[PDB]
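For reference, the structure discussed in these notes is given below.
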Amino acid sequence: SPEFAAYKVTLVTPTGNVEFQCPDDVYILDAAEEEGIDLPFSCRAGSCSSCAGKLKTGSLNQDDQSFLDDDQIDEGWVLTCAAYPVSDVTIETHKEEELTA
Ligand code: FES
């Protein structure tokens with residue numbers, strides 16, 4: 001494993017695609033906000049639905065999230081405030097309304 005790495009993050013938002021580099025040790029949401037991007041959030045701690053998105057391409061680490069159950073992780077759900085990229089990723093944002101619980 002490299003000590004450090006950078007990953008291309010593409011966010012498909014309701015109003016456009018936005019893209020940015022994200023370090024291996026920076027959450028999706030923080031890397032987006034570093035580039036002026038407006039995403040939904042609240043707790044910023046991985047324990048709610050505000051920042052939910054759907055993984056479309058690549059792989060994510062979500063050790064730091066606690067709200068999504070294993071079934072939801074297997075459905076492609078992502079808490080963008082608690083997810084690190086481990087590859088180039090594409091994520092559809094603003095998806096909280098699709099969650100059941
Ligand atoms: S804002 Fe609450 S889990 Fe991300």
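Residue numbers in this text run from 1 along the chain shown.
We read in the header that X-ray crystallography, 1.1 Å was used to get this structure.
Cβ from N, Cα, C; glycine included.
The expression tag annotation in the PDB entry covers 1-4.
Summarising the annotation, Swiss-Prot assigns [2Fe-2S] cluster binding site to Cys43, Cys48, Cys51, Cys81.
Shown are the binding-site residues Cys43, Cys48, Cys51, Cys81; of these, the residue with the fewest other Cβ atoms within 10 Å is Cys43. Taken residue by residue with DSSP, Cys81 ([2Fe-2S] cluster binding site) is part of neither helix nor strand, so it is coil. Neighbours of the [2Fe-2S] cluster site: apart from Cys43, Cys48, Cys51, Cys81, residues of the same chain with C-beta atoms within 8 angstroms of the site's C-beta centroid are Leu29, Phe41, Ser42, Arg44, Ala45, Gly46, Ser47, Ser49, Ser50, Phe67, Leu79, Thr80, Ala82.
Look at the expression tag (1-4): DSSP puts its residues at 0 helix, 0 strand, 4 coil.
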